[PDB]
Amino acid sequence: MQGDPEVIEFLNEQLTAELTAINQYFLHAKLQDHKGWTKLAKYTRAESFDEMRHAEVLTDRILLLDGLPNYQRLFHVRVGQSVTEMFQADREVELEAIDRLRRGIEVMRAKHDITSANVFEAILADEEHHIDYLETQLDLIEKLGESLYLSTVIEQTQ
Amino acid sequence: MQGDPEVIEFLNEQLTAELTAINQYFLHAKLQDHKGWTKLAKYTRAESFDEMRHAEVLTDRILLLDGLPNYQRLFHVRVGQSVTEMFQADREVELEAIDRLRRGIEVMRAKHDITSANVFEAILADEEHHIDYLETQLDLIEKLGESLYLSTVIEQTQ
Amino acid sequence: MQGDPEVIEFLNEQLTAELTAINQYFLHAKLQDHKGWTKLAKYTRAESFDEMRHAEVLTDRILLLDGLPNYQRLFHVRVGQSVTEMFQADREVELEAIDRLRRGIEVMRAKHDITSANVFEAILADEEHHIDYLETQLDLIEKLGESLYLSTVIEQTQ
Amino acid sequence: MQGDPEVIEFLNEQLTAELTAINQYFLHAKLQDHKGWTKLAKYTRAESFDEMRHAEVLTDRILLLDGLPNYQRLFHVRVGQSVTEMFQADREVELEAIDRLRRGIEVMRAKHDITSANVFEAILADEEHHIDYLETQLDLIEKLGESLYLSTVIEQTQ
Amino acid sequence: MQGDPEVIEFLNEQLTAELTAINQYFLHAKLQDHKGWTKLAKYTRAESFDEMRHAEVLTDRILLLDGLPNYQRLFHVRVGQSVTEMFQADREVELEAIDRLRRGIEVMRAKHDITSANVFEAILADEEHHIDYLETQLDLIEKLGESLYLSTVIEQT
Amino acid sequence: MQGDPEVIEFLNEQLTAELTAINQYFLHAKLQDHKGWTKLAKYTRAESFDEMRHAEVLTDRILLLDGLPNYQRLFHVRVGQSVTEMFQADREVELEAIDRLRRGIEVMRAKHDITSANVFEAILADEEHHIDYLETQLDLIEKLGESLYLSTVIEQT
Amino acid sequence: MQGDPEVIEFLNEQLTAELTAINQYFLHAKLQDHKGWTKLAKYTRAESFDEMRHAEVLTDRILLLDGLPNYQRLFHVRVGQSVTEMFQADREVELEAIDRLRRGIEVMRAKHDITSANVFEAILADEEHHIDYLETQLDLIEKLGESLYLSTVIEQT
Ligand code: HEM
Ligand code: HEM
Ligand SMILES: [Fe+2]
Ligand SMILES: [Fe+2]
Ligand SMILES: [Fe+2]
Ligand SMILES: [Fe+2]
Ligand SMILES: [Fe+2]
Ligand SMILES: [Fe+2]
Ligand SMILES: [Fe+2]
Ligand SMILES: [Fe+3]
Ligand SMILES: [Fe+3]
Ligand SMILES: [Fe+3]
Ligand SMILES: [Fe+3]
Ligand SMILES: [Fe+3]
Ligand SMILES: [Fe+3]
């Protein structure tokens, strides 16, 4: 089996995006933990682990088609200072990923490669779920305010 | 609910292929067991059982569309003498099945029958996995050699 | 050890008969299940599994004598629409098998090969039991009738 | 009940063969153990115990017919130095036993003594199984070679 | 499937013999129990139950061949007063059964009916075992004597 | 390490004696079982198994010294009809074994081979125990008589 | 109780040999472990522990006789680089120990001191077992070869 170079190009681009997202999410979780926002940090850490799982699946698919995974290239990592900025950066990443996923799914399904299309379909569903969560949190912050919102995620906790 | 004749023709052809594969894999497993190659025999027996399950699923799908399953056909069965020959025969069977599966999925999805397309998609994923395994084993035999490779799959008994 | 070609011919013929019976019984069980006759379907499925066991024993015996098992040849498979027709087809298959078994047992025991004769003896006992069951069911259907008999093997759900 | 002298002669000859086989197998197992070949030694010890059981059954049958079991005879015992020689000696013993068993079964069944014939039939089946094992091991040694074959049965522990 | 009338005749004869043996063994066990010979009665009861099982197997085989089992005919039942006499009667029954079994096995196997031959083979093995036991007990009684032998099978309860 | 040929000769002679004893004891146990003497048969089986254990130890010792064990020759096997005769045959075997063991122990210990001497010492102790048992049983049979003695080792089961 | 000077001299010499063997075996086990040969290392470590136990027993016996154990001596320690060399060094040590043990046992038993003789007898049996193992391993290496033999004792974990 030897896949088309275009399919492998799409998969490698998605892999680079996954690695960038992993780095950004872990850094954000550590930064949030340093400030005393424990409950946010737990959620962000879980999201980073999910990003790893996506990256592993993509790597396995690329290896099965007799390609060379790219572990050297990275995109630009966004770091925010307040919580609104972190949420906005995550939203940007998710939107880019969703657009790429849709275009790649169409292209792959046009050339009789169904398994890669199914992989991108699952990843797309997960990305949509995460973006919905991010938008809900941004709305909550907009309504309550930053201080009253942050008052609900701090624990003395030994 | 009455399916198109072409969809039923595709499904019956896949069923005939499944039955042929079941027979060939079971015979190969028995032959390997008779020679003292135990782990290979176990793996081949498991593969034959998986083929049996695939045949059952195909039969159910054909019956739901008010068709007549064909249990009288059979394609040519290939029997080898050394390990390399068995692996090569299995590879040939898998390649034929994968080509047929892709063409059938396209045709079925062009006529608004989605469930049959999903069935073929799952079968295609399984076939790709098995072909990958076969190619890996052929590479290992090429590198190590037949005697040193066979020395790793022989056991005494109790 | 190298058995006589006639003994191997007998064993291979019995193996072909076993494979044909396996296919016919499985197809009949699936057809019965599709109509709602669950209790008949369970029994037919069990019979198909027993036919597998017989085929495996025959294959092992053939391999021990340094022969080539035949997995390419099939006889004619009979399919019926009613239940009486299915029972009649099964009866025909059983009668043929019993006749072949008796002749083969005599021939094998005339040439000092006892293990093969014992194998055929066990298979013959099993076939006689199954034919007795089939005749009893046909008598019950004759006495009661199709509708009243079928009313006793239909179950709503689980 | 008093059996025919010829039946008792056959049974006593088989008993002498059993005793000789027991002695040879135990000596071979001890010799293999002294050299560091552990799994071979275990298998040979199990075979010796099986021959012990066969001798016991033969003794019981002889006693039930009001005869005198012979515990003073012994055939020539063969001892090898390499693995091939041991396997060849075992093969010779098995071939002799099988020939005697077939002739004895025919003679016994010609004179209306059925239980003795059944005893010989069971012993014959066991002997055929063992000879098949021996031939398989000889083929494996021929294919791999003595050094690579022996590398798979050595283990130093406690 | 319809068997030959001769095979069915053999099987029905062997069934009549089994019924006679069942009756004789149960009566002997009850008689032994009445006298206080506690340990003999258990063995005799077990033998009677084994005969019952043999009769059931024979009945099943006869029914499978589309025949009519005979439950009306009996042979002569022998009753002994001493223990030696009981053992001797049992020995006679066993010898008759063994002879009939061998002849029937030969005839059945000459006509391509193998399952019936196997049934008779199993029954023959069992009969040989029982006759061996009976002969051993007769030898023990001969060596020891009635009183010393009987002193070993009585119990207070 | 290579032992002296004389030590190996002694060990091989003891091995031949062990094999002969194994055969004789097993045959006697089977014969006793066929007659209905269950409790004697159990003891005889146990003795035969002990004789095998002795044979295995001797074989291991011979192999460690780079010798060739002899599994081809046997002595004369004694078979008796009564129980007194069986006991007498066993006594003869034991006496021969004990004499050989003492002479071999002295010779082995005279040449600086201690492990073989210890092996023979253990075997000698076991043989003395068995001979004591045999003599006790012969005395009991002499005092009671054969019938009254045999009446104590029979069961129905 | 005061033992003879010669008995104590023999015991102290055996103690020095034991200490030397302990050091050599532990060093060999560590060296084998550093190279990736795991099962050999385990076996050698067990052997070193056994030597430790032997040294303890010898020390106890020497103290019971009102003597002074020597913990300052040491014989030459042999270190190899390949497996064959290690096995050969161990064989040399074992042969020396066995010769000394036999001579000491004779001398001790000539002067009516039996417990020390029994101690040396047990140690001698153990030494013979170990030397047999070493010779078997050397034969296996000779037959298979160095690489194919080492391929069976390497584990990755
Ligand atoms: C066209 C021929 C055959 C068909 C359509 C067929 C079909 C099936 C199916 C669908 C099952 C379901 C088992 C499950 O649900 O786990 C089954 C059971 C089984 N069949 Fe077959 N089979 C065929 C030939 C054979 C042959 C030739 C053998 C033996 C040489 C065999 C051995 C078995 C075994 C062992 C099982 C049960 C596995 C287990 O319980 O571990 N089959 N069969
Ligand atoms: C070193 C040689 C032998 C070994 C290791 C050995 C080992 C054994 C063992 C462990 C048992 C079962 C123990 C028990 O259940 O009491 C047994 C049973 C038996 N052995 Fe041996 N034995 C040896 C020698 C022999 C010889 C030389 C013969 C015949 C000449 C023999 C004939 C038998 C028989 C017939 C049985 C069945 C015992 C029974 O069912 O009562 N054995 N053997
Ligand atoms: Fe992702
Ligand atoms: Fe398949
Ligand atoms: Fe069948
Ligand atoms: Fe045997
Ligand atoms: Fe009966
Ligand atoms: Fe002994
Ligand atoms: Fe030591
Ligand atoms: Fe496949
Ligand atoms: Fe059937
Ligand atoms: Fe054998
Ligand atoms: Fe009876
Ligand atoms: Fe003894
Ligand atoms: Fe040591």
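Read the numbers this way: they start at 1 and go in the same order the structure lists the ligands and their atoms. Just so you know, these numbers use all the heavy atoms, side chains as well, and skip hydrogens, waters and symmetry mates. Lettering of chains follows the sequences in order, A, B, ..., and the numbering in each one begins at 1.
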May I ask you to check whether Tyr133(C) and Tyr43(C) place their ring centers less than 6.0 Å from one another?
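Yes: the rings meet the under 6.0 Å criterion.
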
In total, how many protein N/O/S atoms does one find closer than 2.8 Å to the Fe ion (ligand 12)?
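N, O or S atoms of the protein closer than 2.8 Å: 3.
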
Taking only heavy atoms of the protein into account, state which residues are under 4.0 angstrom from an atom of ligand 1, in chain and number order.
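Ligand 1 pocket, heavy atoms under 4.0 Å: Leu19(B), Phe26(B), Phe49(B), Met52(B), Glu56(B), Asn23(C), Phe26(C), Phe49(C), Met52(C).
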
Minimum heavy-atom distance between [X] and [Y], given as atom pair plus value:
X: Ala17(B); Y: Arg100(B); result: CB-NH2, 3.0 Å
X: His28(C); Y: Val79(C); result: NE2-CA, 3.8 Å
X: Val93(D); Y: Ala21(D); result: CG1-CB, 4.4 Å

Output, in order, the C-alpha distance, side-chain angles, deciding distance and verdict of side chain to side chain contact (heavy atoms under 4.5 Å, CB included) for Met1(C) and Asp66(C).
CA-CA 7 Å; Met1(C) 293 180 183; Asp66(C) 193 305; over 6 Å; no

Does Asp50(C) bring an N, O or S atom to within less than 2.8 Å of the Fe ion (ligand 5)?
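For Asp50(C), the answer is no, given that no N, O or S atom comes within less than 2.8 Å of the Fe ion (ligand 5).
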
Could you go through the side chain to side chain contact (heavy atoms under 4.5 Å, CB included) check for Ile123(D) and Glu18(D) one step at a time?
CA-CA 10 Å; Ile123(D) 291 179; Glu18(D) 294 289 330; 4.1 Å; yes

Test item: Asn70(D) side-chain N/O and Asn12(D) main-chain N/O as donor-acceptor pair under 3.5 Å
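Flag not set: sc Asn70(D) to bb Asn12(D) has no pair under 3.5 Å.
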
Do you know which of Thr59(C), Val119(C), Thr16(C), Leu65(C) makes side-chain contact (heavy atoms from CB on, under 4.5 Å) with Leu11(C)?
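Between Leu11(C) and the candidates, side-chain contact (heavy atoms from CB on, under 4.5 Å) is satisfied uniquely by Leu65(C).
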
Please check if the number of heavy atoms outside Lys42(B) that lie under 6.0 Å from its NZ is greater than 12.
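No, not enclosed.
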
State, to the nearest 10 degrees, the angle whose vertex is the Fe ion (ligand 5) and whose arms point to OE1 of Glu18(C) and OE1 of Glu51(C).
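Seen from the Fe ion (ligand 5), OE1 and OE1 are separated by roughly 80°.
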
With the Fe ion (ligand 5) as the reference point, give the N/O/S atom of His54(C) that is nearest.
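Sorting the N, O and S atoms of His54(C) by distance to the Fe ion (ligand 5) puts ND1 first.
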
To make sure I understand the geometry: which N, O or S atom in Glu127(C) is closest to the Fe ion (ligand 5)?
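The Fe ion (ligand 5) is closest to the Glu127(C) atom OE2, counting only N, O or S.
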
Would you sort out whether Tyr71(D) and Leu74(F) count as a side chain to side chain contact (heavy atoms under 4.5 Å, CB included), showing the intermediate values?
CA-CA 10 Å; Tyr71(D) 274 65; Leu74(F) 288 166; over 6 Å; no

Rounded distance [0.5 Å steps], CZ in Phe10(C) versus CD in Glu106(C):
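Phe10(C) atom CZ to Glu106(C) atom CD measures 9.5 Å (nearest 0.5 Å).
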
